[PDB]
$ cat model_2.cif   # mmCIF, C-alpha atoms and all ligand atoms
data_structure
#
loop_
_atom_site.group_PDB
_atom_site.id
_atom_site.type_symbol
_atom_site.label_atom_id
_atom_site.label_comp_id
_atom_site.auth_asym_id
_atom_site.auth_seq_id
_atom_site.Cartn_x
_atom_site.Cartn_y
_atom_site.Cartn_z
ATOM 1 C CA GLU A 12 80.650 87.614 115.906
ATOM 2 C CA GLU A 13 80.977 88.751 112.278
ATOM 3 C CA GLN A 14 79.087 89.042 108.972
ATOM 4 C CA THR A 15 80.523 87.309 105.896
ATOM 5 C CA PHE A 16 79.951 88.625 102.373
ATOM 6 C CA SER A 17 80.475 86.799 99.105
ATOM 7 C CA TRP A 18 82.421 88.352 96.247
ATOM 8 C CA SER A 19 79.280 87.926 94.113
ATOM 9 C CA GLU A 20 77.621 90.431 96.464
ATOM 10 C CA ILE A 21 80.647 92.704 97.067
ATOM 11 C CA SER A 22 81.338 93.112 93.335
ATOM 12 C CA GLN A 23 77.913 94.743 92.817
ATOM 13 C CA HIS A 24 78.657 97.652 95.186
ATOM 14 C CA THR A 25 80.345 99.756 92.528
ATOM 15 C CA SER A 26 78.311 102.986 92.455
ATOM 16 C CA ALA A 27 78.465 106.198 94.492
ATOM 17 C CA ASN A 28 75.004 105.220 95.783
ATOM 18 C CA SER A 29 76.448 102.180 97.591
ATOM 19 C CA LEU A 30 80.233 101.949 97.475
ATOM 20 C CA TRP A 31 82.095 99.075 99.150
ATOM 21 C CA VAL A 32 85.858 98.527 99.269
ATOM 22 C CA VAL A 33 87.846 95.637 100.712
ATOM 23 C CA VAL A 34 91.142 95.967 102.587
ATOM 24 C CA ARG A 35 93.038 93.055 104.101
ATOM 25 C CA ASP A 36 93.695 93.655 107.803
ATOM 26 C CA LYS A 37 97.103 92.114 108.497
ATOM 27 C CA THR A 38 96.917 93.355 112.116
ATOM 28 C CA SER A 39 94.012 91.015 112.992
ATOM 29 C CA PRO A 40 94.381 87.222 113.511
ATOM 30 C CA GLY A 41 93.526 85.468 110.240
ATOM 31 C CA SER A 42 94.321 88.587 108.169
ATOM 32 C CA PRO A 43 90.602 89.027 107.279
ATOM 33 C CA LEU A 44 89.537 90.810 104.104
ATOM 34 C CA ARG A 45 87.498 93.530 105.798
ATOM 35 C CA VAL A 46 84.581 94.977 103.834
ATOM 36 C CA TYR A 47 83.912 98.701 104.260
ATOM 37 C CA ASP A 48 80.802 100.599 103.178
ATOM 38 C CA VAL A 49 82.363 103.984 102.443
ATOM 39 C CA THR A 50 79.228 105.529 100.872
ATOM 40 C CA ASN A 51 78.992 108.226 103.560
ATOM 41 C CA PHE A 52 82.771 108.839 103.522
ATOM 42 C CA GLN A 53 82.993 109.823 99.844
ATOM 43 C CA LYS A 54 82.529 113.541 100.515
ATOM 44 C CA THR A 55 85.204 113.800 103.222
ATOM 45 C CA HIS A 56 87.867 111.255 102.190
ATOM 46 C CA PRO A 57 91.140 113.285 101.939
ATOM 47 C CA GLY A 58 92.101 111.218 98.890
ATOM 48 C CA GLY A 59 88.873 112.401 97.211
ATOM 49 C CA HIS A 60 85.758 110.533 96.086
ATOM 50 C CA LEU A 61 86.971 109.508 92.607
ATOM 51 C CA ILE A 62 89.671 107.195 93.952
ATOM 52 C CA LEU A 63 87.127 105.352 96.128
ATOM 53 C CA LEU A 64 84.906 104.794 93.086
ATOM 54 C CA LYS A 65 87.878 103.380 91.145
ATOM 55 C CA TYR A 66 88.313 100.450 93.553
ATOM 56 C CA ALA A 67 84.614 100.027 94.345
ATOM 57 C CA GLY A 68 83.592 96.372 94.604
ATOM 58 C CA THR A 69 87.219 95.203 94.792
ATOM 59 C CA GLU A 70 90.114 94.602 97.119
ATOM 60 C CA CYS A 71 92.275 97.738 97.274
ATOM 61 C CA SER A 72 94.779 96.551 99.944
ATOM 62 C CA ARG A 73 97.858 97.170 97.795
ATOM 63 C CA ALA A 74 96.778 100.675 96.736
ATOM 64 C CA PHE A 75 95.776 101.462 100.336
ATOM 65 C CA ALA A 76 99.212 100.421 101.621
ATOM 66 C CA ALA A 77 101.030 102.269 98.825
ATOM 67 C CA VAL A 78 99.465 105.549 100.042
ATOM 68 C CA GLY A 79 101.014 104.983 103.480
ATOM 69 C CA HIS A 80 97.657 105.539 105.172
ATOM 70 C CA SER A 81 98.251 106.869 108.670
ATOM 71 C CA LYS A 82 97.336 105.476 112.086
ATOM 72 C CA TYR A 83 94.698 108.204 112.118
ATOM 73 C CA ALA A 84 93.284 106.941 108.788
ATOM 74 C CA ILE A 85 93.266 103.342 109.994
ATOM 75 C CA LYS A 86 91.453 104.328 113.203
ATOM 76 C CA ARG A 87 88.829 106.093 111.059
ATOM 77 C CA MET A 88 88.242 102.915 109.010
ATOM 78 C CA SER A 89 86.521 100.868 111.706
ATOM 79 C CA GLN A 90 83.346 102.956 111.655
ATOM 80 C CA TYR A 91 82.776 101.828 108.027
ATOM 81 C CA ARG A 92 83.238 98.073 108.554
ATOM 82 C CA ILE A 93 80.261 95.971 107.509
ATOM 83 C CA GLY A 94 81.856 92.518 107.619
ATOM 84 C CA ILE A 95 84.499 90.274 106.079
ATOM 85 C CA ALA A 96 84.839 88.733 102.619
ATOM 86 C CA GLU A 97 84.592 84.980 102.067
ATOM 87 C CA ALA A 98 88.061 83.402 102.207
ATOM 88 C CA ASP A 99 90.294 82.512 99.249
HETATM 89 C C1 LIG A 101 87.747 103.572 104.957
HETATM 90 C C2 LIG A 101 88.759 103.555 104.095
HETATM 91 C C3 LIG A 101 89.653 104.726 103.989
HETATM 92 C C4 LIG A 101 89.912 105.701 104.912
HETATM 93 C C5 LIG A 101 89.318 105.817 106.296
HETATM 94 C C6 LIG A 101 90.843 106.602 104.319
HETATM 95 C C7 LIG A 101 91.324 107.734 105.001
HETATM 96 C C8 LIG A 101 92.298 108.563 104.468
HETATM 97 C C9 LIG A 101 92.979 109.582 105.179
HETATM 98 C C10 LIG A 101 92.766 109.968 106.624
HETATM 99 C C11 LIG A 101 93.859 110.166 104.323
HETATM 100 C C12 LIG A 101 94.810 111.297 104.651
HETATM 101 C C13 LIG A 101 96.251 110.764 104.671
HETATM 102 C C14 LIG A 101 96.518 109.876 105.869
HETATM 103 O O1 LIG A 101 96.076 110.182 106.998
HETATM 104 O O2 LIG A 101 97.192 108.820 105.748
HETATM 105 C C15 LIG A 101 93.730 109.505 103.077
HETATM 106 C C16 LIG A 101 94.465 109.834 101.962
HETATM 107 C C17 LIG A 101 94.382 109.089 100.792
HETATM 108 N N1 LIG A 101 93.643 107.987 100.533
HETATM 109 FE FE1 LIG A 101 92.472 107.122 101.751
HETATM 110 N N2 LIG A 101 91.146 106.178 103.079
HETATM 111 C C18 LIG A 101 90.465 105.054 102.805
HETATM 112 C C19 LIG A 101 90.455 104.256 101.667
HETATM 113 C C20 LIG A 101 91.236 104.530 100.557
HETATM 114 C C21 LIG A 101 91.419 103.675 99.473
HETATM 115 C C22 LIG A 101 90.791 102.318 99.347
HETATM 116 C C23 LIG A 101 92.257 104.311 98.578
HETATM 117 C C24 LIG A 101 92.720 103.769 97.295
HETATM 118 C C25 LIG A 101 94.002 103.883 96.997
HETATM 119 C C26 LIG A 101 92.594 105.580 99.137
HETATM 120 C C27 LIG A 101 93.403 106.535 98.553
HETATM 121 C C28 LIG A 101 93.913 107.625 99.263
HETATM 122 C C29 LIG A 101 94.887 108.559 98.666
HETATM 123 C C30 LIG A 101 95.443 108.504 97.263
HETATM 124 C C31 LIG A 101 95.170 109.473 99.615
HETATM 125 C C32 LIG A 101 96.124 110.642 99.541
HETATM 126 C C33 LIG A 101 95.714 111.723 98.546
HETATM 127 C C34 LIG A 101 96.870 112.680 98.393
HETATM 128 O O3 LIG A 101 97.531 113.044 99.395
HETATM 129 O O4 LIG A 101 97.172 113.112 97.260
HETATM 130 N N3 LIG A 101 91.960 105.667 100.351
HETATM 131 N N4 LIG A 101 92.770 108.513 103.174
HETATM 132 CL CL CL A 102 93.714 97.497 107.470
#
$ encode --input "model_2.cif" --output "structure tokens" --more "lines below"
Ligand code: HEM
Ligand SMILES: [Cl-]
Amino acid sequence: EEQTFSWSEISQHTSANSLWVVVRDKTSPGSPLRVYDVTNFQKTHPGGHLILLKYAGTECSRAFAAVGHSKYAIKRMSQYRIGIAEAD
């Protein structure tokens, strides 16, 4: 199945010690807000670690799309999924 997270919980994950970001997945039925724990990705993210910290605890879908993240990047995302955010 799936694990749901509340925004009350997501919004706390704002430090480099435990960094979550949320990206809407328009390719999946229901367009879920997928929650990613990118803590262990900070050191290797090609965009750098600072930009991940900027959006920590928030939805970054628009910024993610504006970068034109590649198919390669999107494939690499799945390993960091922890669940989905509660719906709007
Ligand atoms: C798990 C989530 C993410 C993964 C796996 C990821 C992966 C990547 C990859 C592979 C690239 C190289 C370019 C490409 O292949 O398209 C990249 C570049 C970049 N990413 Fe991400 N990214 C993630 C989240 C984010 C988020 C949330 C932002 C916020 C905007 C971001 C900002 C950037 C920027 C700015 C670059 C390009 C840096 C430059 O070329 O100057 N990334 N990312
Ligand atoms: Cl996505």
$ residues_near_ligand --input "model_2.cif" --ligand "ligand LIG 101 (chain A)" --cutoff "12 Å" --atoms "all atoms listed in the file" --output "count of residues only"
56
$ resolve_selection --input "model_2.cif" --expression "the PyMOL selection byres (((chain A and resi 15) around 8) and not hetatm)" --output "PyMOL selection string"
chain A and resi 13-14+16-17+94-97
$ closest_residue --input "model_2.cif" --among "A:12, A:19, A:25, A:42" --to "ligand CL 102 (chain A)" --atoms "all atoms listed in the file"
A:42
$ atom_distance --input "model_2.cif" --atom1 "atom CA of residue A:44" --atom2 "atom CL of ligand CL 102 (chain A)"
8.6 Å
$ axis_aligned_box --input "model_2.cif" --around "stretch 69-87 of chain A" --padding-each-side "6 Å" --output "lines of an AutoDock Vina configuration file"
center_x = 94.1
center_y = 101.4
center_z = 104.0
size_x = 25.8
size_y = 25.6
size_z = 30.4
$ closest_residue --input "model_2.cif" --among "A:29, A:24, A:18, A:43" --to "ligand CL 102 (chain A)" --atoms "only C-alpha atoms and all ligand atoms"
A:43
